[PDB]
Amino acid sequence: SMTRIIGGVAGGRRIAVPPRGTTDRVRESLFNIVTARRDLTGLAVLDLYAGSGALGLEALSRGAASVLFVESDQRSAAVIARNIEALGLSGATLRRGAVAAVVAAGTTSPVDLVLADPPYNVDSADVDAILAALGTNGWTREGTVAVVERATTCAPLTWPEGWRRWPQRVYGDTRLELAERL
């Protein structure tokens, strides 16, 4: 199936989606809220469990300087690559590997925005551990925003550390949790 980039320079561009997660309103609203509050121009972005890459690609469309897509499924990785090609925007790097393992090994270059849409088989308590790791392993700096998209049937997250939560949103059967690093 296909969806569309909502906004920015590539707004309206079709992108492929891998074997179903299983919205426009969630993605539209996510970027509404983030950009309401942060200028995306020049920002570094991490897109975890990227799947189709729709989130990080939306960020790139809206002027992010770079997006690292992290995705474990090789067919999903292929879709992300095809989608980066379709958008034709610079700044995208694709890292195909186990997402928690990549996050574990850490980085020396923080990002400004973390987007994560973890699949149903990923327990919220394990996502909690990833959120801790983002703080401690070089992925974030003061002011980094994290957004996680989960089905409402999933247990809510436990934010670590010096994270300040933004108001929680629900759209249909999807919950968005957002917070920024203190």
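Note that residue numbering begins at 1 and tracks the sequence as displayed.
> What number of residues from the deposited sequence go unmodelled in the gap from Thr158 to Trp159, classed as none, 1 to 3, 4 to 9, or 10 or more?
Replying inline: Per the deposited record, the segment joining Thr158 and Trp159 has no missing residues.
>> When the Cα temperature factors in the entry are averaged, is it 56-64 or 30-38 that ends up higher?
In response: Taking the mean C-alpha B-factor of 30-38 and of 56-64, the larger value falls to 30-38.
> Averaging C-alpha B-factors over each stretch, which comes out higher, 69-77 or 84-92?
Replying inline: Per the deposited B-factors, the answer is 84-92.
> Against its chain's modelled residues, does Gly135's Cα B factor rank lowest, middle or highest third?
Replying inline: According to the entry, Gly135 has a C-alpha B-factor in the chain's middle third.
>> Considering every modelled residue of the chain and its Cα B-factor in the PDB entry, is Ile5 in the lowest, middle or highest third?
In response: Highest third, going by the recorded CA B-factors of the chain.
>> Based on the deposited C-alpha B factors for this chain, I'd like to know if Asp123 is in the lowest, middle or highest third.
In response: Within its chain, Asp123 is a middle-third residue by C-alpha B-factor, going by the deposited values.
>> Lowest, middle or highest third: which one holds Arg165 when the chain's residues are ordered by CA B-factor from the entry?
In response: Middle third, going by the recorded CA B-factors of the chain.
> C-alpha B factor of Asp117, ranked within the chain: lowest, middle or highest third?
Replying inline: Middle third, going by the recorded CA B-factors of the chain.
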